[PDB]
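So the structure is just underneath, and the comments pick up after that.
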Amino acid sequence: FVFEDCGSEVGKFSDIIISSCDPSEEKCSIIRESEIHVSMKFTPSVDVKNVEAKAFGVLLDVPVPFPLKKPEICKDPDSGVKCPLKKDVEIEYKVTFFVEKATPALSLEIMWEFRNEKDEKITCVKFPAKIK
Ligand SMILES: CCCCCCCC/C=C\CCCCCCCC(=O)O
C-alpha cells in the first residue's frame, strides 16, 4: 500500500512508519491487544507556532472525524516535537497507542492530518488499514 498525500498546503511528509505493518502489504495491519508505534518524518514550508492533529476513518466515500487523545502534538511530552517548528527543517513525530480488544475488526481508509494554528494542513496522510 501507499501512504498517499491527501493534500497539504504548508508542508510535506517524507516517511511514515507503523510498527505493526509494512508498505509491502495490501493494507496496514493494526493488531489489537498490542502497542502500536507510529512515526512520521515531515517538513513544514512555513514557521509553525502550534500543531493540532486530526484523524478520520473513511466510510461511504466520506471521511468520518475520530477523536484523538493528544491532538496538540507540540504539547505532548512524548511526541518528540517541540514548537515552534522552523521552516524547511525535517522533524519526526512519534506516538504509541494501545489498541484494545474491544476494538472492532474492520478494513478502512485512514486519513491523518497535522494542522497549524491557522487551520492550514501541514500534512495529510491517507492509507488503507485492517484492524485484526
Ligand atoms: C481504536 C483503534 C484505532 C485504530 C488505529 C489507527 C491506526 C492509524 C495509525 C496512525 C495514525 C493515527 C495517529 C494517532 C495516534 C493516537 C494517539 C492519540 O490519541 O492522540
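Methodologically, a virtual Cβ is constructed for each residue, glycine included, from the backbone with ideal geometry; neighbour enumeration extends over all protein chains shown. Each value in this text was obtained by applying a stated rule to the coordinates, not by laboratory testing.
Scan region 60-107 for trypsin sites (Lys or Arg not before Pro) in coil per DSSP, keeping those whose Cβ has at most 14 other Cβ atoms within 10 Å, and list them by number. When the trypsin sites (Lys or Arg not before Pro) of region 60-107 are filtered for loop state and at most 14 Cβ neighbours within 10 Å, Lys69, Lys82, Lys86, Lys87, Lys101 remain. For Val2 and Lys118, the difference between the fully extended length at 0.36 nm per residue and the C-alpha to C-alpha distance is 38.9 nm. Working from label points 7 Å from Cα in the Cα-to-Cβ sense, the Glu90 to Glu72 distance is 3.0 nm. Among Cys28, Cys83, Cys74, the residue with the largest mean-square fluctuation in a Gaussian network model of the chain, with springs joining Cα atoms closer than 10 Å, is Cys83. Estimated from the Cβ-Cβ distance and a Förster radius of 25 angstrom, the FRET efficiency linking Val99 and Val62 is about 0.60.
Compute the relative contact order of the chain as a whole-number percentage, counting only Cα pairs closer than 8 Å that sit 6 or more residues apart in sequence. Mind dumping the intermediate values first?
On the way: 329 pairs, mean separation 47.9, N = 132.
Relative contact order here is 36 percent.
On a straight-distance basis, which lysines could pair with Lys49 in a cross-link, Cα separation under 28 angstrom, same-chain partners fewer than 8 positions away excluded? Qualifying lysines at Cα under 28 Å: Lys12, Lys41, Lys69, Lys70, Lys75, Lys82, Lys86, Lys87, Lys94, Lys118, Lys121, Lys126. Each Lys and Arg contributes +1 and each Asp and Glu -1, all at the Cβ; summed about the Cα centre of the chain, the dipole is approximately 280 debye.
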